[PDB]
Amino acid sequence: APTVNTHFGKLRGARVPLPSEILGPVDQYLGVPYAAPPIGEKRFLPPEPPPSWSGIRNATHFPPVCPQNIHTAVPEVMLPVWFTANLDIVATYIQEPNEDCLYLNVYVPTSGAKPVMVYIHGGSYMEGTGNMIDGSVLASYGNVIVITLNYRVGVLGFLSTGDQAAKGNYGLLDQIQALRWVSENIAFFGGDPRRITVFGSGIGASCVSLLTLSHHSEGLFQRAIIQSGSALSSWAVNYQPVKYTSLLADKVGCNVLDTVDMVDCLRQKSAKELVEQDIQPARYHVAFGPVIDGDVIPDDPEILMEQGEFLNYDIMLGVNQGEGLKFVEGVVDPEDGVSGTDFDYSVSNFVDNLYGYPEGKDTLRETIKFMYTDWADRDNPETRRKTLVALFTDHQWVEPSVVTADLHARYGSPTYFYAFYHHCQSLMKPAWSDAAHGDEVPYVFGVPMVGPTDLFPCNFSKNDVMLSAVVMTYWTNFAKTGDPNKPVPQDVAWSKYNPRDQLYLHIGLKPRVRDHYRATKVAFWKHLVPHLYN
């Protein structure tokens, strides 16, 4: 009977033994309320502290997830491969969602106060839950506390009228609120409030990125790990909340004169209704997500990076070899190639969606075509496919991540960069593909140590286990000391990243330090492309 005392009352967790003998068991406390339920008047309002309970509270079972619908259309590209490939298994987690969903899960190892790693999940700002990820392995192996949380998503989480009626960013405020709770209470679990690291993958990483740039998050956590995401990608921030919110208002018939009144009208509607609505944004953009409210996000995220807000965090970030898999998947023939006409089509469509037919568009389009053509093997259809993925991977992930890594390490503050060049073999993904979006997740959470799971049907080798131990060792070490190499040595040194040297860690079965990761491509998007048009 594992019990822990907190500022709001006592709660009872469970001791669960890992299938692996070598790994020790963990005490896990599921469904701990970190805020008062955001329902009724509380909807579209910042989170409030949870009420206290007089007795011992049961933390044995998973709570309801936040209102969401996987069947309803959402941007496919934004979601991790493991997610879309296994929608059936995911559905078992999402069933019976409730607006009362602000809960978190805690995984504690069985010397001294332990570091705390707070994970932020994320599919597309519309879906997902921390429940899918079981932090037991990461906790027991690295001897740290692992936390997975649930936050308001979609309409309920990010609705904004662009004024005082609905400022937005409620999903982010929940994360802040969840972080305060950990800061004030994790000491009760044997956790160190002074050593708190927050990390996420994909959209989760975009959230982590934004948390580092916020005044509200100041003092709560010390380090961040930003995996395959940034505050700078086209779908990280919604620059038209007013447009998409009114579209919602019309669909539910909540159209009225005063924005204050229409928000109130939205409060009356069932939580289910607001979610189901088919509100599609412009391609590679988001209809409901973080906005620049002037409070939580005081300015354009890039400007905030220049101002130096997030320099007081130790930061580790990186990308995968083939993130943008879904960008070309539609157009790949059975021979695993892409035709020249198809290449020209995708490149042009890419320029259409991202740059929107500006002056000199014809000039840029040809320039993009040139940079991502392998002139040493012009005709090869397979290589044509690789470059096409690379085009999307570089633009949406690599360049924004690198710009972030540069701006953070500008004054020597601790920064680490990586490129993930390995992935499990599975039927979830075409055999010709490299490490795709989210493919780093299983190794971070030590899935090969437990073997194949319902969510990761991968056929893990001994090599997979070996790398997973390595990745976790790097990851937990960073949490403990802000240095990937200390204190637990590998049984290669991960060098610090600075704008001049540009050293990064190539993570694969063959690990090594390298420099200037795709710098020529990164330079193209950062420097040359802004010049070509206007």
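Quick note: we count residues from 1 along the sequence shown, nothing fancier.
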Note to self: With respect to the deposited sequence, is there a break between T110 and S111 in this entry, and if so is it 1 to 3, 4 to 9, or 10 or more residues, or none at all?
What the structure shows: 10 or more
Item checked: Of 85 to 93 and 153 to 161, the stretch whose C-alpha atoms average the higher B-factor in the entry -> 85 to 93
Checklist line | Stretch with the higher entry mean CA B-factor, where the candidates are 518 to 526 and 16 to 24 | finding: 16 to 24
Check: Among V260, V286, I147, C254, which residue carries the highest C-alpha B-factor recorded in the PDB entry?
Finding: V260
Next item on the list: Quick one: which of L30, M466, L503, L45 shows the highest Cα temperature factor in the PDB entry?
Entry: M466
Check: C-alpha B factor of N498, ranked within the chain: lowest, middle or highest third?
Finding: middle
Notebook entry, point to check: Taking the entry's C-alpha B-factors for this chain, is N353 in the lowest, middle or highest third?
Noted result: highest
Next item on the list: Give the position of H408 by CA B-factor within its chain, expressed as the lowest, middle or highest third.
Entry: lowest
Notebook entry, point to check: Going by the entry, which third of its chain does the Cα temperature factor of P281 land in?
Noted result: lowest
Next item on the list: Would you mind checking where the Cα B-factor of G55 ranks among the modelled residues of its chain, as the lowest, middle or highest third?
Entry: middle
